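In PDB author numbering, the protein residues as written are 179 to 285.
All residues carry an ideal CB built from backbone N, CA and C; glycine is no exception.
Encoded as structure tokens, the structure appears first; notes follow it.
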């Protein structure tokens with residue numbers, strides 16, 4: 179209970195949490211639960227990645243690791259595809275990873 183917005187920055191050692199926190203709220207805003215999975219109550223986690231080029235745009239959007247069904251893996255990645263235009267613009271090509279989670283419970 180009562181941690182911080184910080185497990186995603188721990189995946190990208192060297193990133194500022196103040197920068198990385200802006201990614202999490204951009205994805206979560208367009209993130210949606212796949213209604214078909216909730217009929218049975220499938221849950222888990224999806225470690226999604228992407229690259230932001232020095233052109234100030236997002237590319238190479240993919241699931242690197244997962245511990246859930248492929249419909250949930252793709253629904254997590256749809257929020258990266260939907261937040262790609264919402265991410266900040268760097269002076270450099272940079273590669274980032276965010277663990278997305280899906281669950282119905284409180285824990």
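- As for any beta strand (DSSP E) of minimum length 3 sitting wholly inside the region 182 to 261, the runs are 222 to 231, 235 to 244, ordered along the chain.
- Counting the other Cβ atoms within 10 Å of the Cβ of residue 232 gives fewer than 16, which makes it exposed.
- In this structure, the straight-line span from the alpha carbon of residue 263 to that of residue 230 is close to 10 Å.
- Note on residue 187: 16 or more other CB atoms within 10 angstroms of its CB, so buried under the neighbour-count rule.
- In this structure residue 183 is exposed. Its beta-carbon is surrounded by fewer than 16 other beta-carbon atoms within 10 angstroms.
- Under the three-state reduction of DSSP, residue 264 is assigned to helix.
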